[PDB]
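Below you'll find only one chain, the form deposited in one PDB entry, shown as structure tokens.
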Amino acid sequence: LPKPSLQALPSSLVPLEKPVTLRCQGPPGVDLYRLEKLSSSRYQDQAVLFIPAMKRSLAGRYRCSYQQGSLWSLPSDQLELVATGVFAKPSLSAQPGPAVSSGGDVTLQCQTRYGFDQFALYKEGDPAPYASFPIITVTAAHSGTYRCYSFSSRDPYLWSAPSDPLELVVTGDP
């Protein structure tokens, strides 16, 4: 059968002791699911796994599949589940500097004091917009980091500094 989608919410980059949801998705109606952790004998028989706190031991490669009648699906793409905050942060610099003219070149530089051989560079994504903001029938899609701004309706393009972040965590079905 065709592959389902395996997704980590809010992120596949989970800090130690912070929650995350692994959601498998095949065609709707579908009932029978298997989450597999590669290079281990660990697995779950559910579309959705809430991890209430991340651990070194839960980091790794996961795939999932589904069953219709006598036939299993092709496995999903590998989800790489990463535990972050295991080690002291590196330092990140721009050479020649953080301000560069259009058409120019720049090299970003990651350095640790400690004996570490691998590095990954991420660019922050664009925030997405949604008093009181009710959410009815929440999903793991709604898990994430929220900030709010305040402003006058009379000067509607002059906004506050953003609120301290608020982590919204959608646990599993009760």
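Note that residue numbering begins at 1 and tracks the sequence as displayed.
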Could you bin the unmodelled part of the deposited chain lying between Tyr130 and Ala131 as none, 1 to 3, 4 to 9, or 10 or more? 4 to 9
As the entry reports it, the stretch among 55-63 and 109-117 with higher mean C-alpha B factor is 109-117
Avg C-alpha B-factor, entry values, 139-147 vs 66-74, higher side is 66-74
Out of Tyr43, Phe50, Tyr33, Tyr122, which residue has the highest Cα temperature factor in the PDB record? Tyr33
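Absent from the display: the form deposited with a partner chain bound. The rest refers to it.
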Though only this chain appears here, would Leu32 touch its partner chain in the deposited complex if you measure heavy atom gaps against 4.5 Å? yes
